[PDB]
Every structure is written in structure tokens, then in C-alpha cells.
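Q: Take a look at this one; I'll ask things after.
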Amino acid sequence: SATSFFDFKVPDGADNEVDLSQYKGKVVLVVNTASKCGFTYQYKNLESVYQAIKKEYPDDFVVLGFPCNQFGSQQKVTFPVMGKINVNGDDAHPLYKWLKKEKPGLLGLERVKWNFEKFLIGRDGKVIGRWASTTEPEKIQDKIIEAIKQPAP
Amino acid sequence: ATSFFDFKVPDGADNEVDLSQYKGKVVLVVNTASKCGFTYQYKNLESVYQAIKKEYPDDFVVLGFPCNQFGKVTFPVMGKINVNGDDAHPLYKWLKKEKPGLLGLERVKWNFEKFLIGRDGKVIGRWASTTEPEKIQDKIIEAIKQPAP
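Below you can see the structure in the form of C-alpha cells.
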């Protein structure tokens, strides 16, 4: 809908508002992280893909983690981790309402199923990829690097 | 003791399958849809299977049992069986009374109810069709770190 990812604003951890246009023209991987601890091997893998591509392409690529408490039933990272948000429901942060419409999940299902679904933002700000929690960040790596070799508009 | 691993079941070609061939492994049992057009649940399950499969290759088996009583993956799919009634396969008669449903109700209510078997062959968990496979990974990986009897 002619909107671009870099049109959005989000809260960082300190509940201060971050403007996503500060990342304009970069490749962004958006991931909803667990509010609760105990997912060390997925933080490790996302920290690992982020160190890798940081070496090859410094400043080309940012990972934004967004904590989410919505996936629980009744591990150090260096990429920016943001304020806590809802990814689902009518209360979902406007950013995630856009991400979900722009790139529906499997069979068109728009809801995020679990923690650690990933969206890939190209330099132009369109969603170029969505991967389930079961996909390993290392399989996005070649899609990231293709987004990086692409010029911004 | 009667263990999950004592049972035989029919495979797709209705050959005898002995569950003993999986003895000492962690097994998730899911009654699958008969008719076509339930693709969300198959791909979702396969997706959790390929995951655990890469973390712990060979520890974890998903077993799908088609069932017509209600209304492409890599894990084994078995012969068609009845899950409820007097006509239920012995394995589901067993699984049901071992791990009853929400308020003691033992029948399977819809497609894709999931039973988790520990390395000791006893049922450690039961989830209905409303629960996502991604929510089960915790209890599967916990059972995999557990040693067999």
C-alpha cells in the first residue's frame, strides 16, 4: 500500500520512540523475540548471522528484535532489542499489522504463529521474506546478502 | 509393563510395522486427516519435525495415522485406522486410557490430536488440535535429553 517499512516508529527498550527511517536504505531483519528466557540457541543463531554479515558488509544490515509475551501457555545478543510489543490481535503494534498483510504466512495465514518468526526488509522498505520460527536464520543468509548487493532506490 | 513400543500398526501399504523398531526414542503420535485439504497442519508438523531432526538427528519420530472418523511430508505415514469407538486400533485404545483428555474424556475430538511418547514408551503428554506443534518442542527436547530405560 505504497507504505515503506521506514515510515514506521517503534519504541526501544527504554520506552523511547525510535524512528525507523534512521535505517532507510539498509537491509533489516525483524524478529519477535521471547519475553521469557530459555531460547538460548535461537539467540545464538541470530547473533551468529548478525556477526557474519556484519563482517562481510558492515553497517549494511541491522537486526531488530521485538520482545513479545504473547506465546506462553497457562543467550546474549548485540543487535538492537526494542520495546515490548504485541504482534497479534487488534492491539498489535501498527508495524506488525503492516508486516503481516504485506507478507502473509503459510497458506495466507497472517498471524505470527510462535516466537522468532522473521521478516526481511529490502533496502527499499518492502517485505521481501517471511520465515517460520522453525527456519534457521542461516537459511535466510543468502537472501540477506542478495538484498544487500541490491541498490536502494 | 505394556509400552507404546509393544504395539504393531499398519503402514501405508498395510504391512506390519512393529513400534519396537523405535524403542528408546521420542515419538509424537498424530491422527491425520483422511481426505485432502488440511495442508496447514501437515506442513506445520513437518516443519517442527525437520527442526528437531536437525538438532537431534534420529532421536525424534513423528507418526501420522490417517483417520476418516471426523469432518507431502517426510515423517512416516501409516495405514488408515480408527481412533474412536469399539473399532479403534488397539494402540489408540491404549493411548487414550493412558493419557485422558481435558476432564477425563478419553476420545479424540478432532483431527490432529497429538500424543508424545517418551523413551520409556509411556505417554508423557496429550494436546488437542488447537495446540500448535511449535509449543510442543519444549517437552520433546526435554524428553530427548532424558535417557531411555
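From first to last, the protein sequence lines are chains A and B.
Residues 25 to 98, 114 to 192 in the authors' numbering are what the first sequence spells out, letter by letter.
Residues 26 to 96, 115 to 192 in the authors' numbering are what the second sequence spells out, letter by letter.
Every residue gets a Cβ at the ideal spot worked out from N, C-alpha and C, and that includes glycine.
1) Run through the segment 130-178 of chain A for me and flag every whole beta strand (DSSP E) of 3 or more residues, listed as ranges in chain order.
2) Express the C-alpha separation of residue 73 of chain A and residue 180 of chain A in angstroms, rounding to a whole number.
3) What residues in the segment 60-94 of chain A have a beta carbon less than 7 Å from any beta carbon of chain B?
4) Are residue 69 of chain A and residue 151 of chain A touching if we call contact CB-CB under 8 Å?
5) What does the Cβ neighbour count give for residue 154 of chain A, buried or exposed, with the cut at 16 atoms within 10 Å?
6) In this structure, how does DSSP classify residue 118 of chain A when only helix, strand and coil are distinguished?
7) Taking C-beta pairs closer than 8 Å, name the residues in chain A that residue 175 of chain B reaches, listed in chain order.
8) Given residue 166 of chain B, which residues of its chain have a CB within under 8 Å of its CB, disregarding the five upstream and five downstream residues?
9) Which residues of chain B have a Cβ atom closer than 7 Å to the Cβ of residue 104 of chain A, listed in chain order?
10) Taking Cβ-Cβ distances shorter than 9 Å, what residues in chain B pair up with residue 146 of chain A?
11) Between the alpha carbons of residue 122 of chain A and residue 134 of chain A, how many angstroms are there, rounded?
12) State the Cα-Cα distance for the pair residue 88 of chain B and residue 54 of chain B, rounded to the nearest angstrom.
13) Run through the DSSP bridge pairs and tell me what residue 34 of chain A is partnered with.
14) In this structure, does DSSP put residue 125 of chain B in helix, strand or coil?
15) Would residue 171 of chain A count as contacting chain B if we go by Cβ distances under 8 Å?
16) Quick one: residues in its chain with C-beta nearer than 7 Å to the C-beta of residue 175 of chain A, no 5 flanking neighbours on either side, listed in chain order?
17) Which class does residue 57 of chain B belong to by DSSP, given the choice of helix, strand or coil?
18) Could you spell out where the alpha helix (DSSP H) holding residue 28 of chain A opens and where it closes?
19) Let me check understanding here. Comparing Cα to Cα, which of A/120, A/79, A/97 lies closest to residue 39 of chain A?
20) On the DSSP bridge assignment, give the partners of residue 52 of chain A in chain order.
21) Can you give me the Cβ contacts of residue 192 of chain A inside the same chain, cut-off strictly under 7 Å, excluding the 5 residues immediately before and after it?
22) Quick check: the Cα distance between residue 48 of chain B and residue 26 of chain B, rounded to an integer number of angstroms?
23) Assuming residue 33 of chain B and residue 43 of chain B form a contact by the criterion Cβ under 8 Å, report the distance between their Cβ atoms to the nearest whole angstrom.
24) Kindly list, in the order they appear in chain B, the residues whose Cβ is closer than 7 Å to that of residue 97 of chain A.
25) Got a sec? Which residues, its chain only, sit under 7 Å from residue 186 of chain A by beta carbon, not counting five neighbours each side?
26) Go through its chain and collect everything with a Cβ distance to residue 90 of chain A's Cβ below 6 Å, but skip five positions before and after it.
A: In short:
1) 157-160, 166-170
2) 7 Å
3) none
4) no
5) buried
6) coil
7) 152, 153
8) 29, 138, 141, 142, 158, 159, 160
9) No coordinates exist for residue 104 of chain A in the structure shown, because the numbering of chain A passes directly from 98 to 114.
10) 64, 65, 68
11) 13 Å
12) 5 Å
13) A/42
14) coil
15) yes
16) 69
17) strand
18) No alpha helix (DSSP H) contains residue 28 of chain A, which DSSP labels as neither H nor E.
19) A/120
20) A/86, A/160
21) 163
22) 14 Å
23) 5 Å
24) 178
25) 51, 159, 161, 162, 167
26) 56, 121, 124
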